[PDB]
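Asker: Below you'll find the structure I mean.
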Amino acid sequence: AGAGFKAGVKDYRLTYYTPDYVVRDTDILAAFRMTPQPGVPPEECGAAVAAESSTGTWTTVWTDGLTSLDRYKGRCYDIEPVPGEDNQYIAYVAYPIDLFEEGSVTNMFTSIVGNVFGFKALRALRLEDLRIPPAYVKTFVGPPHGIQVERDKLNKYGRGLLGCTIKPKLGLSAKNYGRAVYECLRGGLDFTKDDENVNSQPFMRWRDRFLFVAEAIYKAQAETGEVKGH
Amino acid sequence: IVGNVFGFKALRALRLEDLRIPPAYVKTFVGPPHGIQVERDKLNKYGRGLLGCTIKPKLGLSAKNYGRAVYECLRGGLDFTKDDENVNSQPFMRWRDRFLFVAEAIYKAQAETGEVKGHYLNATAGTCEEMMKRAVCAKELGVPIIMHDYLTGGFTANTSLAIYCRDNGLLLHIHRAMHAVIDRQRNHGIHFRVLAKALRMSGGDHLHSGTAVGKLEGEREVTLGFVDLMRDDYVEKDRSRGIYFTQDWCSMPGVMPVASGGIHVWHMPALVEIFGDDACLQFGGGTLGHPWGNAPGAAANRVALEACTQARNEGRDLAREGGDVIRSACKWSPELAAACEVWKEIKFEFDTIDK
Amino acid sequence: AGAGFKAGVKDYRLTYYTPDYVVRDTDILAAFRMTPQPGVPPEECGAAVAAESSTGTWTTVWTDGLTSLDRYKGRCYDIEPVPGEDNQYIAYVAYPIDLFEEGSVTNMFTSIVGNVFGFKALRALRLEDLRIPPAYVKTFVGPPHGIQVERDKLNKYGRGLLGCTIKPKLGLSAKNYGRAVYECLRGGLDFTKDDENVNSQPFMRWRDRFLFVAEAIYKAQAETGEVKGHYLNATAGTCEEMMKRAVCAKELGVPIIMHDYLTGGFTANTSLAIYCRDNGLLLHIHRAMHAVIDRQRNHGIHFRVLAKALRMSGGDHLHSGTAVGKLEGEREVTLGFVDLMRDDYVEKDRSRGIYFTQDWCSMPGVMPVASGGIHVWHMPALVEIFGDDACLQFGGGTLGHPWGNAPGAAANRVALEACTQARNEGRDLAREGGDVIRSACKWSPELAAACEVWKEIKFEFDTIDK
Amino acid sequence: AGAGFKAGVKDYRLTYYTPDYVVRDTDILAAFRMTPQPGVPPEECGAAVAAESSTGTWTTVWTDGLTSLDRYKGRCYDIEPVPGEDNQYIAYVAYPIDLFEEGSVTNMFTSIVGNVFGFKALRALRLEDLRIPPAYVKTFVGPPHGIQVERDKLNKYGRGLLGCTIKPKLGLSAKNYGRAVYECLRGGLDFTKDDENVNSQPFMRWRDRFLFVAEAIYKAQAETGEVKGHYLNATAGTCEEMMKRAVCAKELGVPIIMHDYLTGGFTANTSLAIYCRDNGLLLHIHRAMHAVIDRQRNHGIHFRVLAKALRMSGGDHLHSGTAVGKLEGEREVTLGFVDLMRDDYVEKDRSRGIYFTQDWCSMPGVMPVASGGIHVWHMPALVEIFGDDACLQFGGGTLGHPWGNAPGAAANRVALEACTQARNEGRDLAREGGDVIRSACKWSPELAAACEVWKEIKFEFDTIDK
Amino acid sequence: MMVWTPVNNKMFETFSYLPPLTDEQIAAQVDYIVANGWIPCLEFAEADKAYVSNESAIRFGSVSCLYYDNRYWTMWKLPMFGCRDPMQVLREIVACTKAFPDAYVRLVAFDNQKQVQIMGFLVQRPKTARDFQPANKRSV
Ligand SMILES: O=C(O)[C@@](O)(COP(=O)(O)O)[C@H](O)[C@H](O)COP(=O)(O)O
Ligand SMILES: O=C(O)[C@@](O)(COP(=O)(O)O)[C@H](O)[C@H](O)COP(=O)(O)O
Ligand SMILES: O=C(O)[C@@](O)(COP(=O)(O)O)[C@H](O)[C@H](O)COP(=O)(O)O
Ligand SMILES: [Mg+2]
Ligand SMILES: [Mg+2]
Ligand SMILES: [Mg+2]
Ligand SMILES: [Mg+2]
C-alpha cells in the first residue's frame, strides 16, 4: 500500500518546508519578514505561510490525492535570521506560476497576502519583496504609455517635470479651481493636479471642474507655447 | 481620512480605531444588496446558523473535481460551499468551467436533500469587465450567490458588484483577504471594525468576522463589538468592546458575519454562544478532512450545529455544558463520533496581538 | 569618431551571424532547412534569413543608430549540415521576445515566415520547428477547454472518441444531413461533423442545417443515453458571419463547433477560440490547406509548427493524420507532433523531428483527430499509435457500411471497444490486432459486414515528407 | 434512372473522369499540375483530385442516392502532358457554381485546396490557375475602391505612385517612427508604410504609432501641398483588435490602412475590406507568407491564384513582386498576373501562365505594388514593366540614402518623373533607361548621391518558379 | 441487412457495446488499474439519476452549452489512494453492490498527474432495468 489518506493534523513543515528546492525561473518568489510566537519554530512558521498562501489548510484533506501537491504547493525554501533581531526571520517562499491568474494583480495579492498575516502562530509578518518572473510579467498590459512615450507625447526632454497640487485640498469651487490651475500652469509648471481626495463633492462637482480645468489648460498652453496638463 | 496622514514624519505610528458615520451620510449609500432578513427569506432558512465549507486544496483541483467535492459537501447537510479566496481563473481550472460544474453540483444536492443550496462563486477578477462577466454567468445559471474579495479587488469594484447584485437578485458574500496586513497591529493601521463599517456601506450580504477560537487571530470582546456593528441598527458607545462612537445605521440592512478558519466540531458550542443564529459557520478542513469524506463530514457539522441549537433552545448553557452537548451527540451520531475523535486535542491558543 | 552611418550594401553575416551567441530562455528559436543558391555561403544565407525576418534590409539604414540593433536583431547562431544532402543546411535563428505581439500567432508567422521564403539567394527554405518560450506561451488564451476539460464536460473516459464526417461532402439537403447525423450518432459514434467545405450553400443553407442537426443530436442522445455532438461548421467568408454561426450554436445549446483555421485564418480562429472559451463551446479544428504548405521536404512549413501555432491560437481538437489512411503522414513524425499537441513538456528528439525542447507551461493539450480513409481493420493500429486521448473519424467507413449508418457506427464502436479491452488485458495490438478484430467479427454481425467489405483495402505508397 | 447502393471501393475515374464534358459558363475551373505516384494512372489521379475536392470519398456511400451526383460532382474533363516532364500532367477540373458559398474566398479554397494536396496517391500537386466565372465574381464585394477611385481620391495622375517601408523593420519607437515618416514623405514620396511585421509590440504600441504617424502625414502634406498617406498596419491577433485599429485610422481621418491577408487570413481580410468600403479607407494588401505556398514549381499554389483570391476578398493595392529586386519573380509570369490584377478581361495566354480566360465583370482593379531590394537604377525597368498604374516602394532605397530620408525620397521621385517624362517623349526605357538616369544624375545632386552608392548593386540568380 | 433497434437500447459508455464483462474480465481491468498506478473509485446512482438529462436548464438563460444533469454520480466512500491490491477493489465492488442492490454502479479510475478520470465502466445495473437490450437483440 502506497501513500493514502490519513485524516488529522500534521506539521506544515512536513510538506511545505523544502530547503533543498531549486527555484524555477517561472516561480513567483516572496521574501517575508516573519516574527513567530514563542515556541513556534521558524521552519514551521515559514511552512505555514507557504501552505496557507497556496494549497494547504490546518488539517489533512483527502482531495489532495486527486491532484499533484508537488506541482502546485508553495514552498518555503530558505530561512535567514535577521541581524540585530532575536525573533525575526526572512522566510523565502516559491510559488508555481500555475497558481496565478494571468494579468491579475488582484489574484496575486489574494494568494500571497490574503490570510497569512492574521495567523495566531505569528506575532508579525511583513512582505518585503516579490520576484515577478518574465513569464508572469508578460501576461500584463502594464502601463498605458510609460516614461519614453510620455516624454514623446508631451514633447518634454532634458529635465524633470514640474507639477503642483491645488490647495486648499477641499473647499474650492470649480471656477476657482480652474483659476488657480491657469495661474500655476502659465508660470512654468508642466502639470497641476486634483488633490487625491478631490473627486466630486457638494462644493465642486466633477464635471464642472473638468470643464473649467480644460479652459485653464488650453489658456496656459496658448500663452506659454508649452504643452500643459492637469 | 487615511490617504496621506499615516506617512507623516512627525508621527511614529497611527491607527484608525473607529469612525462615526452619520445617518445623513449612511443614506447616500446603496448598501448591502439584500441583508440578513432578506437573505434568510430568499433561502427559506430559519432558526439556526448557516453552515458552509471552503473547498480544499485551495488551488490545484480541476473544475470537474471541484464540482464533485461541492456536491458531496452540500448533499451531507451544508447550506453553502465556497471558492477559496484565491480561486479565480487559473491554468488548472478556468472560471467558466468551474461555474458550470458547480451549478450541476448545487442543483443535484438540492434535488437530493430538498433544501436550498448554494456555492459562493468567486467573481474577483483582474478587471471590472472580467468581474462583471463572471457575475453575469452566475445570473444566467440561476444560482443564488457569488463572492468578492473586497480589499484585494477594491472598494470601487466592490460597490459596482453590490449594485449589480441588488439589480439582479444575487446574494453577495464578502471575503476580507488582506485585512490583517492592515488591521493586526495595535499601534499602526486601521482596525477591522472600520473595514467592516466600510464594507456595510459599500455593500455585502455576508462578511467574514473571524472565529476567536480558530487558527486566525480575533479577540472575543473586540469581535462581539464589530459583529454588533455589522448586524444591528443602533450600537451604543462601549469602550470595553472597542466601540468609540455610537453608530446609527438608519435602517441600512445588516451583514451576516461568517466565522471561518481552523474550526471543527468541538468549537461548535462556543461558536453558537458567540454568534447566535445570525451567522454562517464555515468548515473547510473541518469537512474535507473528515476520515469518511465530504458527505459524512458535512453531516457531522450539521448534527453538531443542530444539537447545540436544540440545547440552547431548551435552556442549556453552551458556555458550560457545551462539551456535554457534543459528547452526547457523538454517542448518537457515528459521523460526528469520527470527527470528534480526529480533532479532539486540536486547539489554537496563542498570545493575542490585537488587544 | 565612433561607429557612425555608412551608406551602402554589406554582407548580412557581419551583423546577423553570431555563432557564439548564447540563447536566452525567452528567445523564440527557429530551425530552417535551407538550400542556398550556388556561390552563396551557408553563413550568409542563414544571416540573410535572420536579418529579413527581424530588423534588417538589403542596404544599410541610418535609423539603426537611433535604436539598439543588439537588443532587437534576429541572430543566426548555428548552422548544421544535413546528412545525405550536398546543398542543404539547418540554420538556427534566435528572435528576442520583444519582436512579437503578445497573443498573436498572426504576428509570429508574419515575422518568421513573412518574406524570407521568396529570397532570390535561396533555392528552397523549410521551417522545421519553433521553440516557443514559456514567457511567450503565457501571452495566449490558448485552447478554449483542452483534453481534460473536454472529457469532463462530455463525461467520456477510458477510450478514444469516435466520429464521422457526413458524405457526400456536398449536395445533401439540410433535412437529409440531419437524417444521416441521427442514424450515425444513434449507432454508437460520439460525434458526427460537417465536411470542411460544408459552410452555407445553395443546396443547404447553414441555419437550416444547424436546426436539423440539433434535432438529430438530441434524438440520438435520448435514444442512447450517451452525450452526443456534431461539429457544426462556423467557417465563413467574414468574421461577422462566422460569429453569427457560433451564436446560433450557443443558442441551440449544442456542445461543439468547428473551424478551418488555415483557410479562415489565424485572426478569425483566435477570435472564435475566445468566443468558445467565453460561452462554453468546444472547438474542433480542421487543417484544410495544410498539405499545400507542409507536404514537401525541401520547402514550406512542417505541420509540427502549424500544430504549435494552432495550440497557441486555440482549439480543442486538431486533425493529426492517421499514418495508415488515404492521406500522407509518417508514423515517427506523427508520434512527435502528437506529443507536441497533447503534452506539457516535450524533450528534443531528432528521431521524431523534434528540434527543440518545448515547454507548454500548463497550456491545455489539444485532442488529436485521426481521419481519412480509415476503416475497422485499421482500428488496432490506430489505438496503438494514439492511445485513448484521440478522436478517430470514419466518414466513408460509416456511411459506406452495407447496412447503413447505425450498423456502420456500431461496427466501428465494437471494433474500438474490442481493441481497447484487449489492450487493457495486456494484449499487444501491434502483433495481435488482426486476431482481436477477427474474434470481434465472429461475435458482431455489424462488424462482420464491415470487415468483409474492406478486408483488402490498404493505402501503401512511398512517403514524401520523410 | 436509379441504381442500387453497392458498398465497397471502386476507381474514382468511373464517376469523376469525364473527358467529354462541355464546361458551363458558370463552372469554376481549376488547372492542377499533378505528379502521380508510380503505378497511378493520370486519369485516376485527376479523378481523385476532382472527387475529393467536391463530393466524393474513398468508398461508395449510400447517401449519394438521395441527391444528384451528376448535379454536384467536380469533374476532371481534360488532362495535358507537361513538355519536358516524364511524370507531370495538367489536370483540368470543373466545379458547379452550386458547390460554393457566395462571397466567401475561404469556402472556395477549402474545397479546391482543402485536402487533395495530402493524398498518398500523388507525389506533388500545384494549383496553377482558376477560372472564376462572372456569376461567382458578382457575389463578392471585392476591392473597397480600386485603381480609378484611389487615384481620384488622392488626386494623383500621370505617374506611378511612390512609397517606402520604414526601417529597421522592428525596434524603432513610435516617435522615431513618425520622425522617419515625416522626413520620407516631405521629400517627394506619396506613401510610407509599416513593415508587414510591425503590429503592436513592447518597443512600439500601435496607437502611439498611429498618432505620431498622423502628425507626420499632416505635417508633410502641409509642407509639400501634395496628399500624403502612410499604410497603417491593422493586422492583429483577433478580428476585434484588427477592427479597433481600423476604427482609430478612421477617427484620425487618415487615407489608408494595410493588412497581411495570408497571415491574418481571408475571413479577417474580407471583413476589413467591407469595413474599408463602408468608411472610405484605402486598403493596402501585403502578401506575407505567399512564398511558403507559391515558390516551388512542383507543389503549392501559384501566386496568380492568390492574387485572384485577393481581388475577390478585397484590396486596393497588392504586392506583385519586382522581377529585378531581392525577391524572386519572373518577368513574363509577373506581367500575366499584373493583368489579372488590373484588367477587366484577360485572354488565355500560356506564355504568361494564364491557363483560362478571366472575365472580371467590372470588379475594380487592384494596384500592383513593386517592392523589395529596388533602387534608382531599377527605375527605368520598373516604369517599363508596370507603367503608371503601380506603386513602387523603396525602403532601403530611401532610408539607405547617404543624406537621409528627405533627399532619399527626392532622388526616387526625380528618377521616377525623369523616366515618366522620357517615356512620354517617345524614348525607349528598355534601351535608353541608363542614359535617362545618368542625365538626371548630372542634374540632381540628391539623385547623383543615390546613383553612386548603388551603382554596382544587382540581384541576378537562377529562377525557381519558371 | 439488420436494423439497429432504437427501442429500449440505452448504452453505458465504455465497454457497453461488448458482451457483458465476466468476473475474470473485470479482474483483468482492475489489474490494469493497479499496473498503471491509477486510483480506483466506485460511483453509484438510483435509476432516475443514471442518464444525462436537462431539467435544471429551466433555470437558465442561453447557457446550456455542455451542461447536463446526472453526469455526477455519488461516490462510494473515498477514492482508494495508495491501493496496490486488486482484491481490495473487488471487495469494495461487493460491498457497494450489497449496500445498494437497486442502483447503477460504475468502477472508475483517476490519474492524478493528468488529473482526469482515465477509465470507467458499469459493474451493476438494477434488476428492474428494462431500457436496455441483450447483445443478441440490439439488432433485428
Ligand atoms: O483560506 C482559508 O484559510 C479559509 O478558507 C479557511 O479554511 P479552513 O476552513 O480549512 O480553515 C478562509 O478563507 C479563512 O478562514 C479566511 O480567514 P478569515 O475568516 O479570518 O478572514
Ligand atoms: O474530407 C475528407 O476526406 C475527410 O472528411 C475524411 O473523409 P473519410 O472519413 O470519408 O475518409 C477529412 O476531412 C480528411 O480526412 C481530412 O484530412 P486530414 O485529417 O489529414 O487533415
Ligand atoms: O520587408 C521587406 O523586405 C519589404 O518592406 C521591402 O523592404 P526594402 O524596400 O528595404 O527592400 C517588403 O515588405 C518586401 O518587398 C515584401 O516582398 P514582396 O513585395 O515580394 O511581397
Ligand atoms: Mg494630495
Ligand atoms: Mg480561504
Ligand atoms: Mg472532410
Ligand atoms: Mg516589409
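We name chains A, B, ... following the order of the C-alpha cells; residues begin at 1 in each chain, and ligands are numbered from 1 as shown.
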List all protein, DNA and RNA residues that have an atom no more than 7 Å from any atom of ligand 5, counting only C-alpha atoms and all ligand atoms, and report them as a list in words.
Answerer: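 Checking only C-alpha atoms and all ligand atoms against ligand 5 at 7 Å gives residues 54, 58, 84 and 85 of chain B.
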Asker: Please, could you write that set of residues out with C-alpha atoms as a short mmCIF file (atom, residue, chain, number, x, y, z; two decimals), in the first residue's frame?
Answerer:
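For reference, part_31.cif as written:
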data_model
loop_
_atom_site.label_atom_id
_atom_site.label_comp_id
_atom_site.auth_asym_id
_atom_site.auth_seq_id
_atom_site.Cartn_x
_atom_site.Cartn_y
_atom_site.Cartn_z
CA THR B 54 -14.36 26.10 1.60
CA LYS B 58 -7.00 25.90 -2.01
CA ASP B 84 -11.28 29.76 -1.81
CA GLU B 85 -10.47 33.48 -1.88
#
Asker: I need the chain C residues near chain E as a ChimeraX atom specification; criterion: at most 6 Å, counting only C-alpha atoms.
Answerer: /C:148,157-158,224-225,251,253-255,280,403,414,417,424-425
Asker: Print the selection's residues with C-alpha atoms to a file, as a PDB file, in the first residue's frame.
Answerer:
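File produced: result14.pdb:
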ATOM      1  CA  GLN C 148      -9.147  17.026 -19.704  1.00  0.00           C
ATOM      2  CA  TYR C 157     -13.461   8.294 -20.385  1.00  0.00           C
ATOM      3  CA  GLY C 158     -11.423   5.149 -20.948  1.00  0.00           C
ATOM      4  CA  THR C 224     -28.673   6.013 -26.396  1.00  0.00           C
ATOM      5  CA  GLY C 225     -28.299   7.797 -23.036  1.00  0.00           C
ATOM      6  CA  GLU C 251     -28.495  29.405 -28.564  1.00  0.00           C
ATOM      7  CA  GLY C 253     -27.325  24.503 -26.523  1.00  0.00           C
ATOM      8  CA  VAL C 254     -25.241  22.133 -28.673  1.00  0.00           C
ATOM      9  CA  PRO C 255     -21.735  21.149 -27.444  1.00  0.00           C
ATOM     10  CA  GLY C 280     -18.559  27.072 -23.198  1.00  0.00           C
ATOM     11  CA  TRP C 403     -26.386  -1.900 -43.809  1.00  0.00           C
ATOM     12  CA  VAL C 414     -17.476  -2.535 -31.377  1.00  0.00           C
ATOM     13  CA  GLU C 417     -14.091  -1.217 -27.665  1.00  0.00           C
ATOM     14  CA  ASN C 424      -6.215  -3.295 -21.138  1.00  0.00           C
ATOM     15  CA  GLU C 425      -5.970  -7.087 -20.729  1.00  0.00           C
TER      16      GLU C 425
END
Asker: Which distance in Å separates atom CA of residue 348 of chain D and atom CA of residue 305 of chain D, to one decimal?
Answerer: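 About the pair atom CA of residue 348 of chain D and atom CA of residue 305 of chain D: they are 14.4 Å apart.
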Asker: Applying 7 Å and only C-alpha atoms, which residues near residue 254 of chain B remain after dropping the ones on its own chain fewer than 5 positions away? List them as a PyMOL selection string.
Answerer: chain B and resi 35-36+230-232
Asker: Which residues come within 12 Å of residue 257 of chain D, counting only C-alpha atoms, excluding same-chain residues fewer than 2 positions away, as JSON, numbers by chain?
Answerer: {"D": [144, 191, 192, 193, 194, 196, 199, 210, 213, 214, 229, 230, 231, 232, 233, 234, 235, 242, 243, 245, 246, 247, 248, 249, 250, 252, 253, 254, 255, 259, 260, 269, 272, 273, 275, 276, 279, 280, 281, 282, 283, 284, 285, 286, 315, 316, 317]}
Asker: Write out as a ChimeraX atom specification each polymer residue (protein, DNA or RNA) that has an atom no more than 9 Å from ligand 3, with only C-alpha atoms and all ligand atoms counted.
Answerer: /C:52-53,55-59,61,114-116,118-119 /D:164-169,193-197,286-291,318-322,325-329,369-375,393-400
Asker: Would you pick out the contacts of segment 154-163 of chain A at 6 Å or less, using only C-alpha atoms, so that residues sharing its chain but fewer than 3 positions from it are not included, and give the list as a list in words?
Answerer: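 The neighbour list is residues 151, 189, 190, 191 and 192 of chain A.
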Asker: Would you output that residue set with N, CA and C atoms, as a PDB file, in the first residue's frame?
Answerer:
ATOM      1  N   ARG A 151       7.185  61.322 -22.446  1.00  0.00           N
ATOM      2  CA  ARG A 151       8.037  62.433 -22.877  1.00  0.00           C
ATOM      3  C   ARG A 151       7.818  62.783 -24.337  1.00  0.00           C
ATOM      4  N   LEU A 189       4.962  75.682 -14.677  1.00  0.00           N
ATOM      5  CA  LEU A 189       4.753  74.279 -14.313  1.00  0.00           C
ATOM      6  C   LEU A 189       4.231  73.522 -15.533  1.00  0.00           C
ATOM      7  N   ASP A 190       4.609  72.251 -15.653  1.00  0.00           N
ATOM      8  CA  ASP A 190       4.100  71.390 -16.733  1.00  0.00           C
ATOM      9  C   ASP A 190       2.695  70.876 -16.449  1.00  0.00           C
ATOM     10  N   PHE A 191       2.464  70.528 -15.184  1.00  0.00           N
ATOM     11  CA  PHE A 191       1.217  69.937 -14.736  1.00  0.00           C
ATOM     12  C   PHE A 191       0.716  70.604 -13.472  1.00  0.00           C
ATOM     13  N   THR A 192      -0.588  70.545 -13.274  1.00  0.00           N
ATOM     14  CA  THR A 192      -1.182  70.744 -11.957  1.00  0.00           C
ATOM     15  C   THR A 192      -1.976  69.466 -11.692  1.00  0.00           C
TER      16      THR A 192
END
Asker: Check segment 90-285 of chain C with DSSP on the backbone and list each residue it calls strand (DSSP E or B), as a ChimeraX atom specification.
Answerer: /C:90-95,119,122-131,161-163,165,191-193,201,204,229-233,256-260,282-285
Asker: Of the candidates D:418, D:307, D:198, D:323, which one gets nearest to ligand 7 if we count only C-alpha atoms and all ligand atoms?
Answerer: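 Smallest separation from ligand 7 among the options: D:198.
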Asker: Write out as a ChimeraX atom specification each polymer residue whose atoms come within 12 Å of residue 404 of chain C, counting only C-alpha atoms; drop sequence neighbours fewer than 6 positions from it.
Answerer: /C:179-184,186-187,396-398,410-411,446,449-450 /D:5-7,60-63 /E:1-4
Asker: Using only C-alpha atoms, find which residues of chain A lie within 12 Å of chain C and jot them down as number ranges by chain.
Answerer: A: 24-27, 71-72, 96-103, 132-141
Asker: Convert the current residue selection to file output with C-alpha atoms, as a PDB file, in the first residue's frame.
Answerer:
ATOM      1  CA  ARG A  24      12.393  27.655 -11.245  1.00  0.00           C
ATOM      2  CA  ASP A  25      12.777  30.754 -13.415  1.00  0.00           C
ATOM      3  CA  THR A  26       8.971  30.846 -13.754  1.00  0.00           C
ATOM      4  CA  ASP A  27       8.342  30.763  -9.960  1.00  0.00           C
ATOM      5  CA  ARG A  71       3.111  20.539  -8.788  1.00  0.00           C
ATOM      6  CA  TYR A  72       1.066  23.216  -7.009  1.00  0.00           C
ATOM      7  CA  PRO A  96       4.453  27.895  -9.131  1.00  0.00           C
ATOM      8  CA  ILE A  97       3.349  30.178 -11.945  1.00  0.00           C
ATOM      9  CA  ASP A  98       0.273  27.907 -12.308  1.00  0.00           C
ATOM     10  CA  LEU A  99      -1.219  29.305  -9.108  1.00  0.00           C
ATOM     11  CA  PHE A 100      -1.899  32.753 -10.561  1.00  0.00           C
ATOM     12  CA  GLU A 101      -4.487  34.309 -12.848  1.00  0.00           C
ATOM     13  CA  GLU A 102      -2.807  35.904 -15.855  1.00  0.00           C
ATOM     14  CA  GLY A 103      -2.920  39.703 -15.863  1.00  0.00           C
ATOM     15  CA  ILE A 132       7.866  38.502 -10.615  1.00  0.00           C
ATOM     16  CA  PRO A 133       9.249  36.273 -13.374  1.00  0.00           C
ATOM     17  CA  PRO A 134       9.190  37.363 -17.070  1.00  0.00           C
ATOM     18  CA  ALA A 135       6.654  34.603 -17.871  1.00  0.00           C
ATOM     19  CA  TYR A 136       4.170  36.273 -15.497  1.00  0.00           C
ATOM     20  CA  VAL A 137       5.170  39.876 -16.309  1.00  0.00           C
ATOM     21  CA  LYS A 138       4.271  39.244 -19.970  1.00  0.00           C
ATOM     22  CA  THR A 139       0.642  38.439 -19.066  1.00  0.00           C
ATOM     23  CA  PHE A 140       0.019  42.073 -18.033  1.00  0.00           C
ATOM     24  CA  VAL A 141      -0.952  45.019 -20.201  1.00  0.00           C
TER      25      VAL A 141
END
Asker: Using only C-alpha atoms and all ligand atoms, determine which residues fall within 10 Å of ligand 4, then list them as a PyMOL selection string.
Answerer: (chain A and resi 164-169+193-198) or (chain B and resi 3-4)
Asker: Mind the document's chain letters and residue numbers, and return as a count of residues only the residues of segment 60-101 of chain A that DSSP labels alpha helix (DSSP H).
Answerer: 4
Asker: Which residues, written as an MDAnalysis selection string, have at least one atom at most 10 Å from residue 365 of chain C, with only C-alpha atoms counted and residues fewer than 5 positions away on the same chain left out?
Answerer: chainID C and resid 142:143 145:149 311 315:317 338:344 360 389
Asker: Please identify the residues whose atoms come within 7 Å of ligand 1, using only C-alpha atoms and all ligand atoms, and report them as a PyMOL selection string.
Answerer: (chain A and resi 52+57-58+115+118) or (chain B and resi 53-54+58+84-85+175-177+208-210+216+258-263+282-286)
Asker: To one decimal place in Å, what is the distance between atom CA of residue 392 of chain C and atom CA of residue 412 of chain C?
Answerer: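 It comes out at 9.6 Å.
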Asker: Chain B residues within 10 Å of chain C, counting only C-alpha atoms: which ones, as a ChimeraX atom specification?
Answerer: /B:62-65,90-97,100-101,133-134,137
Asker: With distances taken over only C-alpha atoms, which of B:130, B:248, B:17, B:140 is nearest to chain E?
Answerer: B:140
Asker: May I ask which of the residues A:114, A:187, A:84, A:229 is the closest one to chain B, counting only C-alpha atoms?
Answerer: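 Using only C-alpha atoms, the shortest distance to chain B belongs to A:114.
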